[PDB]
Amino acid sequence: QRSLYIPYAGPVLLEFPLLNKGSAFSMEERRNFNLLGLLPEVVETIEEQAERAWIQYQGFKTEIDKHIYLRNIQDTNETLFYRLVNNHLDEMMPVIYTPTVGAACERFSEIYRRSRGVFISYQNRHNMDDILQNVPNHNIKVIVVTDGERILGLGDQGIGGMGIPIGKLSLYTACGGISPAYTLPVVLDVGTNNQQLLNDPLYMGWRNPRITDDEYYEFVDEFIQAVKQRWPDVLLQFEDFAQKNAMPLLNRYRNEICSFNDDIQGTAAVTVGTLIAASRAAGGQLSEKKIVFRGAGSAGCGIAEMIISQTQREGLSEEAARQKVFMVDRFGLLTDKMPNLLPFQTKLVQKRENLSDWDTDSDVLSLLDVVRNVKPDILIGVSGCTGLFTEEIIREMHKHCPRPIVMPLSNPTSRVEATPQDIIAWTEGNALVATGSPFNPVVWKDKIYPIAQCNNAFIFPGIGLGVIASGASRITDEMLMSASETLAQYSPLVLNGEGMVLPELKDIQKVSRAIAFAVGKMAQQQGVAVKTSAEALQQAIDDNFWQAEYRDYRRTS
């Protein structure tokens, strides 16, 4: 790798976190960049720096303190921060990101030390070009943007949303190899309806309720246009917007700028990937299985739609695929004759003629009565109501299905329709379990059963690395499906015949690189990236994969 040419020197250099090498600056670099005497004499390696940093990390006693310490290192030496993270991925990922980052966002205005990222408030709405011009990076390739309205089970956190993009981009870098020189976290501050923040004397954001719908969509459009002018090929990822906004924005912009929404699209993809692999481990394939959803909101229907696309890819007709899926809201079941259904749920309603077979009747047909009459292979929970997967509901399902697949996906752990410990009991260790939130490996009869988590970090970093390596101009449904299918190929339970359904975090870089290949190939096949040989695309993936090592520096004027 060639030298990097850099204008900064002296204490400015030591204080520029992307470029600072601290004690690893060589003797020659210390001479050329006017650093002699500003540092202790010792020249150390990054691995020696990361080892001191790990010793420091271990002296902190709470999660939030570990989080602050990691952000402090990130703000001192970015390469060192990534080296340390790579050495302790399992321990730190939950400190960098969910669930600890949520606490950080709640308390943003109290724990604030310094600024990272770009803040675009309503008052700045006519100067977004000037703001983007203030970013010093020569090139930006991935932006994560939030308005902070819906943070992971905490609601509206106003400008404190910033911690989400920052954490998310650290995962792009650590998991997908996107260089931290090419990422940019952005918060849109259009107000907050959290009255406790509006009333917090320490609040650092715009002290105003959220702007109106018309005001909002004009403001976001100025933002999208400003981002396009400066970085036309950027990948823009939307994160933690309100449900009323998340889908419309995705539809409006997914063909105008290369973009996706991880909460909608990434969550569907990792879940479908898990379902593919689970079904193969239970014997057979997802197209064979019958499926009931508890939770028929926008999120449940979006995941259902992707399962249906996938089972079509496995051999079924659309009619057949949709017939194998049953969606349950508060009331018993979505069917024909149900009044006042919004367009997306209509697509999934059951027709009563197919239900002439059923033993019960009613306007309202309970979940226990749906489970009874379908006899599913897969039960999925997305509603968020606790205990709904009652012992009777589980046994009735195990009463016909030998190797049940059950997935309480509801977040956080408090809102799960059943715990892993419960359902593994109620199925005598026959069930396959994957969760939305992390659980510890379950103990049962001296036997240990690890519980896989449908973590989005299995999907988005590969997506980003694929986009950038192929130069893809948009992110198609088919590119997302290729990510799900590729992820399933790395299932340890299927590969070795034993383990979790999803792969271990030790392998997340390997998975991301494979996903990137598939996503890139799909893009080229669909005509949203230039065609190249498979060997060339692989080489691009390798050339774009940043690892935590220092570059050599040369000084310019």
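The first residue of the sequence shown is number 1, and the count goes up from there.
On average the C-alpha atoms of 296 to 304 have higher B-factors than those of the other stretch, with 296 to 304 and 186 to 194 being the two compared. For the pair 415 to 423 and 200 to 208, the mean B factor over Cα atoms is greater in 415 to 423. Across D263, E106, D377, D477, the greatest Cα temperature factor reported in the deposited entry is at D377. For the set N86, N430, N255, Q133, the PDB entry assigns the largest Cα B-factor to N430. When the modelled residues of the chain are ordered by their C-alpha B factor, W358 lands in the highest third. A53: CA B factor lies in the lowest third for its chain, per the PDB record.
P408 sits in the highest third of its chain by CA B factor, as recorded in the PDB entry. Among the modelled residues of its chain, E110 has a C-alpha B-factor that falls in the lowest third, as given in the PDB entry. Per the deposited record, the Cα B-factor of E392 falls in the highest third when ranked against the other modelled residues of its chain.
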